[PDB]
């Protein structure tokens, strides 16, 4: 199965197409990061919204790690303003925050309790039809959240999932002026996220030729361009920006697997993209040792990069990490914390729904071992 709800609008200066898209709307709410404010893209968007006749109200300064707490703060100002159009302008977390906001705005009754993918052996209640349009404008490259029907959300320190077609954005605007403001480390971290997403999407149980096309292109693009992007080349920034959305389209359809699950649960340690990169080569070694299907798919990606084998790809991924100064796991977190948490982390990873999609289902013990293998820098 393959589909795409989101309309994509790409190109230098495509932020301006925002005027077309607000036509016929009256009250526009914009959530943005501070960096979007300080670089003047928020103003620029406010102009475009005004000159299309609509009222506009902005909130900037948003944390990462969205929560039902923080969404409480907003909802009155939100609910009083009476928006009929939401705009998210920033990273994954900003987009996910706006996505989560849409649900409580549009379905104020909805018991948060009842809708969250916390366990994979739990089956939450479905989310009704919502209504407010949602435009996503990503400033990083990136999380894939501008096309996905998923947002993550804390209700007091605990992480739940919301998953439904209803919060996949209606429109995504990809203007590479925005991601050209990423500091080098952020360009690195979020670009490795693309790579991990693509490789995982290619190797799930539910991959199709349609998602494969997108995954493969994102992979080749990151492999070829990310190092130049990190050094701040402007064209390379644009290419990786588009590839980030490609990987998004892929994992929207094919989903993800063990590596993302493992990153979710070690969130406390580090940024999402960085931990993913750290784990990937171990998850690949595991998958390839245990599944012929996984081994063949990795070889297919290797050939597409101009190599031959599954082992080529694993080694090339380790060398990419080394090249871009990705730290060992031992450098991010001391032995003592890590070791006392590894079992708890394994159990949570085991209850995550994404391991349903991984080409091999790992036992709790094998997850434990993988954490330890990664830590030893094995």
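Residue numbers count along the first chain shown, from 1.
- Of the two segments examined, 178 to 186 and 265 to 273, it is 265 to 273 that shows the higher average Cα temperature factor in the deposited entry.
- Across the two stretches, 97 to 105 and 299 to 307, the PDB entry reports the greater mean Cα temperature factor for 97 to 105.
- In the PDB entry, the Cα temperature factor peaks, among 31, 54, 36, 346, at 54.
- Per the deposited record, 120 carries the highest C-alpha B-factor of all listed residues (120, 290, 197, 224).
- For residue 155, the recorded CA B-factor ranks within the highest third of the chain. Only modelled residues enter the ranking.
- The entry lists a Cα temperature factor for residue 253 that places it in the lowest third of the chain's modelled residues.
- Residue 217: CA B factor lies in the lowest third for its chain, per the PDB record.
- Annotation for residue 131: CA B-factor lies in the highest third of the chain's modelled residues.
- In the PDB entry, residue 231 places in the middle third of its chain by CA B-factor.
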